[PDB]
Number of protein chains: 2
Amino acid sequence: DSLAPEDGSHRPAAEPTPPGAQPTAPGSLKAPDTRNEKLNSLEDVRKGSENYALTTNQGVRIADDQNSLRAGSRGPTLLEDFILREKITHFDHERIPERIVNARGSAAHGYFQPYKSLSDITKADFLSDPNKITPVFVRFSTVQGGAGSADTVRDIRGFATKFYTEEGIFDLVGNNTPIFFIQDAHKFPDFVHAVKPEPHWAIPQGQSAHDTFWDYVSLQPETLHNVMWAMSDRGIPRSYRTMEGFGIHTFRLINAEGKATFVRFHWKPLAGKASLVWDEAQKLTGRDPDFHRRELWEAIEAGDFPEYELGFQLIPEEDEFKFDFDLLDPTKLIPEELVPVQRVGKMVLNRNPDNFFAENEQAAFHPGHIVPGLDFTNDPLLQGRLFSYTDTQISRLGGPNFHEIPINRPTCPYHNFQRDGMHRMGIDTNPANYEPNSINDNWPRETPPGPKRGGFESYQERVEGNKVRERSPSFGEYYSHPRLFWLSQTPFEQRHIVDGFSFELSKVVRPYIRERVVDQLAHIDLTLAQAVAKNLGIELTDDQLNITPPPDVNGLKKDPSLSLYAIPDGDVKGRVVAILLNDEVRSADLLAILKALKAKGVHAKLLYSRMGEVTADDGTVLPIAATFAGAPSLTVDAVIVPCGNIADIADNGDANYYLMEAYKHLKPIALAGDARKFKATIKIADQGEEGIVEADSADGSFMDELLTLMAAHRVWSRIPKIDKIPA
Amino acid sequence: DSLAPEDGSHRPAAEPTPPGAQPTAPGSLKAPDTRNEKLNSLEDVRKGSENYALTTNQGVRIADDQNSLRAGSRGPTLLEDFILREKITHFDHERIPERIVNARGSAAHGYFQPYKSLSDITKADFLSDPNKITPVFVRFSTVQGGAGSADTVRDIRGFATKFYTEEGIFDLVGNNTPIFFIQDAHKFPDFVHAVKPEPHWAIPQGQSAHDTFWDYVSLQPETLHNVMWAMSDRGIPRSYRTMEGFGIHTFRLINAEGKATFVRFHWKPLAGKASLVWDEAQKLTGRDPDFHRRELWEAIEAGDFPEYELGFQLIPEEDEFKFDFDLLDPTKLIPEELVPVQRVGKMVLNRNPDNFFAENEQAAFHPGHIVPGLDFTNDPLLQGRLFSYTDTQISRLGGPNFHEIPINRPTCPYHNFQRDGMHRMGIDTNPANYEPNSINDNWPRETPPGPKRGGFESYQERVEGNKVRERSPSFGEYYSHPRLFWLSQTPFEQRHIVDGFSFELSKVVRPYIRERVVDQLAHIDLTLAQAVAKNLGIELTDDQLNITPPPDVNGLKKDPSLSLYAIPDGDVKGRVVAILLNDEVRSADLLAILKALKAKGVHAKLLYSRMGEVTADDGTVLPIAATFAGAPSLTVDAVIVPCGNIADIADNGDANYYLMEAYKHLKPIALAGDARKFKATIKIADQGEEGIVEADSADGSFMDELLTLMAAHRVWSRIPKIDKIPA
Ligand code: HEM
Ligand code: HEM
């Protein structure tokens, strides 16, 4: 109809722009030049739209897409309207089953590149040449909730990477915590059923705060390690860009000589580690249930590409038994103070998808998708995972040919004797559909193992024992890793952990379940146990108070790599600041604030009590991003209030509340000139306090103080001060 | 094995208990004695568990459900472990596609009963006899969000009722608003795509506040009437028990003599009409995203059974064209001032399901599922709905035998010649699978239509016109029902409407879309348009200021039944009060509180700053239901603060914040004795204020005041005092 506005304002600029600045859009419309080989091979299935006639699926042009065919304009719909019928039919079949676990996820395209050849330890082609680029597709996710639940729940996050190598798809399907809850895959369905919504009423969504989770945990102490991690701030990351990633299981690297090495896979966030605080995370599920999805997407459109360093913990075959814990036990971490992570390569995520359904929702990852140069181990959880995935994927995607869906295909077409199945797209021409054959001179052919481009051979690990359904006795230790984790956290991290356990156990209706969790916490650490106990109105028995603590892990009293914050790794590029305007902002302060933010790659959003524009003292017209209520403090990393007619907003409940919520959630607050009248709102002494930047104006110094606070992410020293303000 | 606790406290009592008193459970365990013919017929597929051996699906007992089968305790898992493969396999295939629309739903069982015989106007058997009951199954839902999305979003609600009649299943598939957004089923996929998450990034969930939605609305003014309903407090109901239900389309009633009467179906909630306020509802999507689901379930476990009265708007065939709107247009409502709702029967929901998946998720409703005595009309939206539902259910549920899933089966066996299909449960013995046949003497047989127990015969409506894809010109009016809706709302409802539009349009990135919506509102009502425009920083043009308002609807200047609150209809039974404990509560006050609350059937939740128990002044041990933060004021209808050691909670940040949030949300607050000191927290004058009950102690008058206030639902007169309080 030519409904677009005459001005071109409906379509974003195909260049990197700041979050909130332009309508977001499909990846290849937004960043047409961001390319790689996999992204280039997808061009054959991308479809355009502009300037085409509207058609049926069979190519017939549609004249009237507003009406059904009927006998009279007020008469009955006629069965012969095939156009109406195809439209409703497709719509009626849009949905597919969501993943059993990790149904909520957000994904992006990018590339990986190794720093140096790793040929001495692995013949994996993607690790052999630093001038070589392997396209990747990453999907991050939550675990428990549906595809439509909230992003910022407390939970473990999945972190799956598909590597389209030259010798096959390698999928590195890991999580954001280095261990899992259970030891043997046989218990996956019991554990997952316990954390998922309870069967009689399907409640609660996206939460482990319910009886069944804690019943299970209280009966299966192998779970306490990963439960500590989830109860901590690790359970509620600030963003997918600011969390670690782990393969979890011990795998094998295999070189050209046949030497096998043990490896654990790590991803280090180049943006540093950072998480929200519980009240903030919970509230954020209400105000913006898509916060992680949006943030990841907008980060990529702004050019703040999520960057991660692939790292390896390497353990020679001869040191297999040299630890306190079993290397093949997935509830056990390998302390970096014992086995350091070696830097291997870098992954950059620089393009969003075009169609979430087509690329994200249909993407299929599998930990069994390994390439020559890698191999498994006998880890019993990994071993049972090797059976799931493909199984579930055919159910979910419609057939065994789901490897032909565009996102899932290798960069080089495969050749084998597999035929038919639902929705077969390739048309095979080989005369032979079996091997060995003589009618196609045996093609395609087997390829011996070799140093490069050889066929897949499993490592000839020795196998010895009886056929038994038995847990290895070396896996029977459950409290020493949870304790190592506990001792490595800072004091404010310990309290957050205490509050995580306290909050969750309080949603457990059956009191005895709470008491049993407390009993288990008393086997990890007495100080942890007493503080949780106290929050539940429980007193430990004398016996509980004398439980002897678990042994150290290989003599360690702590390991600082396990804390999010003990060792500062801050980075503010990509963070965002809220700027509370008034109806006559001193433009001098605004100019100084925005330019300083911009120099460090920090984003800003101009907020007011209404939408539209406000005009600064010199006549500068300032466009408003969102209102105070519309873009709450939960969504920003810090707040700045410029001088101006402060009386315009000083009595605005939403304005004041904005600073109270941000102060409560430990965020840096900066007040310029008369904005300092808000100090009374958050009870700040005349003197001032650490975490509150204030001055007569927003000069250079003022912005450097604010940015330094931003580099340390939150104002932990404010904790005792927040207790009292009602917010 | 002894896992249950000694006391037997792991399992709920099988009697009506207030919310949070005991753990919730499967309805047949919770209320074994609640029966009806449908509930009893589910007995063939209901399964027990206590005292049974754990077995495979093939009946083989399992000895070890903790371990996979491997070669040596630390070796690899063996392919021959069929116990493990079955377990993992069934889990891998758990999920089914969720509903295309209305995926988020909460359901229950109950019964319906007519007040009197309706045999002069219909031959439908379920309306023929006041002493004959019909089992029902009801599913309430949101529209936009997925199965794991939140309950208290802003959206339309679906209200589907499955009547298991003696002459077949009748499904009355309605919503909580009398009209739908569009006129022709052809546009359904267009309208649902625009409101659903945006295709590139799949954001946002369960919210219409995004560009594609408002883009569609601004170009399709036929959507404005249901947009008005959605933006008012109808869009955020307090409970599924506190909303209206409507079939929306005009349908037909056909009596035994063949006379047709046009009819619109209504449900009246006997718990009255009530809704949340936006800030509360959005915040509630974070604190408790399963709030409506939970409240329904717990109301039924408490004995507070959701009850609705079925009502009919009856219009004789000769009055088809007597309104100034088309009777067959589903964007138009029939004002109760023109055609009254006649009482027809009562529906009571008295039993929760046993398994949400098996009975809620697999339930299938179809507006095409009518019985003799009822028939359709040419409503173009209704007509195209008959091309859908069956279709989607076969892909969703797995095949054409979805009528054989327990929850969907009619009470009496069905008989026909249809055979085979995936998962066929019935085993047919008819020698003939076709008709006419002579080998089974033509059984089963066709039955002629008649007054009772006859075959279905469509009403013989005259059809006249050419085959056209054309909108009836009589449907071409879009502004007068919107305006009639607007003028019938109270002043505080109109402010709420203004704010919904202001809020939503502010999340619309492209400003011209905001401007187009405003221009459409200026065709409905200038005052409304002006208020929205001013919140968006927009100026109405001179042209926009001179648009003549649309015509009245058949001389009406308003219709009070369109308002939630203009006519008082308050019912407190089943509501819930928060009681903020301290560590030395005046048992005298608590006693008075609970006895008065009990007499009106209002529940209570005892809150404290920690979990466990507190002891009152007389030694009564009071167990704590939840903390102040853990069960926020959002979740209750009113707040009571009893005397006791007030100093224990006087400086409690969460306790003070509880009252500020409640106050802001217009909830009734009661303060006894020293609890009156919290009056400063919410800045209330020394004298007093309408909406705050205060006294030396909690007494007879104290509770009456409080209960009278709760019967009015919210304190609307407090609206002007809340926007300064930063809450
Ligand atoms: C170390 C332990 C595990 C980790 C790190 C892990 C990680 C993941 C991740 C990240 C995903 C989502 C991938 C995506 O975004 O599509 C996922 C999905 C899945 N996981 Fe695993 N998981 C683990 C254990 C298991 C086990 C023991 C089983 C069962 C034997 C299992 C079965 C599944 C299934 C069936 C899916 C759905 C896949 C699909 O539909 O494509 N997981 N897992
Ligand atoms: C008056 C307008 C409409 C109303 C009141 C309405 C109501 C409903 C309700 C309440 C449900 C959920 C049923 C449940 O709880 O299982 C539903 C589902 C559905 N609706 Fe309608 N709807 C309307 C228009 C339409 C139209 C025009 C179409 C397509 C032509 C349509 C297609 C569907 C489909 C495909 C489902 C999913 C059913 C299933 O998977 O079992 N609806 N509708």
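Only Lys, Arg, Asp and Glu count, each charged at its Cβ (+1, +1, -1, -1), so figure out the dipole size of segment B:502-558 about its Cα centre, rounded to 20 debye.
Numbers: 7 positive and 8 negative charges, 55 e Å.
My answer is approximately 260 debye.
Within segment A:663-679, find all residues whose amide N lies under 15 Å from a label point positioned 7 Å from the Cα of A:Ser697 along Cα-to-beta-carbon.
Hits in segment A:663-679 for A:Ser697 at 15 Å: A:672-675.
Along the Cα-to-Cβ line of B:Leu79, 7 Å from the Cα, sits a label point; which residues in segment A:385-409 have backbone N less than 14 Å from it?
Within reach of a label on B:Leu79: A:387.
Would you mind getting me the FRET efficiency between A:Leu314 and A:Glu464? Use the beta-carbon distance for r and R0 = 22 Å, nearest 0.05.
0.30
Quick one: what are the phi-derived ³J(HN,Hα) couplings along segment A:547-562, Karplus 6.51/-1.76/1.60 with θ = phi - 60°, whole Hz, x for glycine and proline?
4, 7, x, x, x, 4, 9, 6, x, 6, 9, 4, 8, x, 5, 7
Distance in whole Å from the A-onto-B rotation axis to the closest C-beta of chain A, together with the residue it belongs to, please.
Checking which Cβ lies nearest the axis yields A:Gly286, 1.
Mind listing the label-point distances from A:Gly570 to the same position on all other copies, shortest first, one decimal in nm, points 7 Å along Cα→Cβ?
Ordered by distance, the counterparts are at 5.2 nm.
Would chain A count as rounded, prolate or oblate if I go by the C-alpha gyration tensor, calling it rounded below 1.5 in a/c and otherwise prolate when a/b exceeds b/c, oblate otherwise?
It comes out oblate by the Cα gyration axes.
For every other residue with a beta carbon closer than 14 angstrom to the beta carbon of A:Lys47, add +1 if it is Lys or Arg and -1 if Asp or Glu, then tell me the sum.
Residues close to A:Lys47 contribute a combined charge of -4.
Can you give me the Cα centroid spacing of segment B:309-356 and segment A:416-463 in angstrom?
65
GluC sites (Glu not before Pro), restricted to segment B:485-541: which are DSSP loop and have at most 16 other Cβ atoms within 10 Å?
B:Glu539
So which trypsin sites (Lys or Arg not before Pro) in segment A:650-691 end up in coil per DSSP with only 13 or fewer other C-beta atoms within 10 Å?
Sparse-neighbourhood loop trypsin sites (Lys or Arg not before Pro): A:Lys683.
Between A:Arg35 and B:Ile719, what is the spin-label point distance in nm, taking each point 7 Å from the Cα along the Cα→C-beta axis?
Spacing of the two 7 Å Cα→Cβ label points: 5.9 nm.
What whole number of Å gives the distance from the Cα centroid of segment A:3-31 to the Cα centroid of segment A:482-500?
44
Between A:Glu336 and A:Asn131, what is the label-to-label distance in nm when each label sits 7 Å out along the Cα-to-Cβ direction?
3.2
Say a label goes 7 Å from Cα toward Cβ at A:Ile133 in every copy; what distances in nm does this one have to the rest, shortest first?
7.1
Of B:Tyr216, B:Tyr658, how do they rank once you tally other Cβ atoms within 10 Å and put the fewest first?
Starting with the residue having the fewest Cβ neighbours, the order is B:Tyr216, B:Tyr658.
About the Cα centre of chain A, what is the dipole size in debye to 20, counting +1 per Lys and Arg Cβ and -1 per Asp and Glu Cβ, all else neutral?
The calculated dipole for chain A is roughly 380 debye.
Averaged over its residues, how many other protein chain Cβ atoms are within 10 Å of peptide B:85-92's Cβ atoms?
Numbers: counts 3, 0, 7, 10, 6, 1, 10, 13.
Average neighbour count from other chains, rounded to a whole number: 6.
For segment A:410-420, in order, what is each residue's ³J(HN,Hα) by Karplus, 6.51 cos²θ - 1.76 cosθ + 1.60 with θ = phi - 60°, in whole Hz (x at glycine and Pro)?
x, 6, 9, x, 8, 9, 7, 10, 6, 9, 6
Stretch A:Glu404-A:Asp583 to full length: gain in nm at 0.36 nm per residue minus the Cα-Cα span?
Length difference between fully extended and current span is 58.7 nm.
Give me A:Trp278, A:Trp443, B:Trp267, B:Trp297 sorted ascending by neighbouring Cβ count inside 10 Å, so fewest comes first. Mind showing how you got there, number by number?
On the way: A:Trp278 19, A:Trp443 11, B:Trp267 23, B:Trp297 26.
Ordered from fewest to most neighbouring Cβ atoms within 10 Å, A:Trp278, A:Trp443, B:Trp267, B:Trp297 come out as A:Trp443, A:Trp278, B:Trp267, B:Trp297.
Among A:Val641, A:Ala675, A:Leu597, which residue has its Cα positioned farthest towards the positive end of the charge dipole of segment A:574-727, with +1 placed on the Cβ of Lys and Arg, -1 on the Cβ of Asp and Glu, and the dipole taken about the Cα centre?
So the residue we want is A:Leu597.
Per residue of B:579-588, count partner chain C-beta atoms within 10 Å of its C-beta, then hand back the mean as an integer. Could the numbers behind the result be given before it?
Values: counts 0, 0, 0, 0, 0, 0, 0, 0, 0, 0.
So the per-residue partner count for this stretch is 0.
Note down the net charge around A:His90, summing +1 for each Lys or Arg and -1 for each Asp or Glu among other residues with Cβ under 13 Å from its Cβ.
That works out to -2.
List the GluC sites (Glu not before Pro) in segment A:642-727 that DSSP assigns to loop (not H, G, I, E or B) and whose Cβ has at most 12 other Cβ atoms within 10 Å. Which are they?
A:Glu690
Based on Cβ point charges of +1 for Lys and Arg and -1 for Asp and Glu, what charge dipole magnitude is obtained for the protein assembly as shown about its Cα centre, in debye rounded to the nearest 20? All intermediate terms of the calculation are to be shown ahead of the outcome.
Details: 158 positive and 208 negative charges, 98 e Å.
Computed charge dipole of the protein assembly as shown: roughly 480 debye.
Treating the point 7 Å from Cα along Cα-beta-carbon as the label, what are the nm separations from B:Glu37 to the other copies, to one decimal?
So the label point of B:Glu37 gives 6.9 nm to the other copies.
What order, most packed first, do the peptides A:617-624, B:108-115, A:590-597 have when packing is the mean number of other Cβ atoms within 10 Å of each residue?
B:108-115, A:590-597, A:617-624
If you wrap a convex hull around the alpha carbons of segment A:25-410, what volume per residue comes out, as a whole number of Å³?
Taking only Cα atoms, segment A:25-410 has a hull volume of 176 Å³ per residue.
In whole angstrom, how far apart do the alpha carbon centroids of segment B:680-696 and segment A:623-691 sit?
Measuring centre to centre over Cα atoms gives 29 Å.
Taking the beta-carbon count within 10 Å as an exposure proxy, list B:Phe325, B:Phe213 from fewest neighbours to most.
Going from least to most buried by this count: B:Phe325, B:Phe213.
Rule-based calculations on the coordinates, nothing more; no lab input. Positions of Cβ are backbone-derived with ideal geometry, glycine not excepted, and every protein chain shown enters the neighbour counts.
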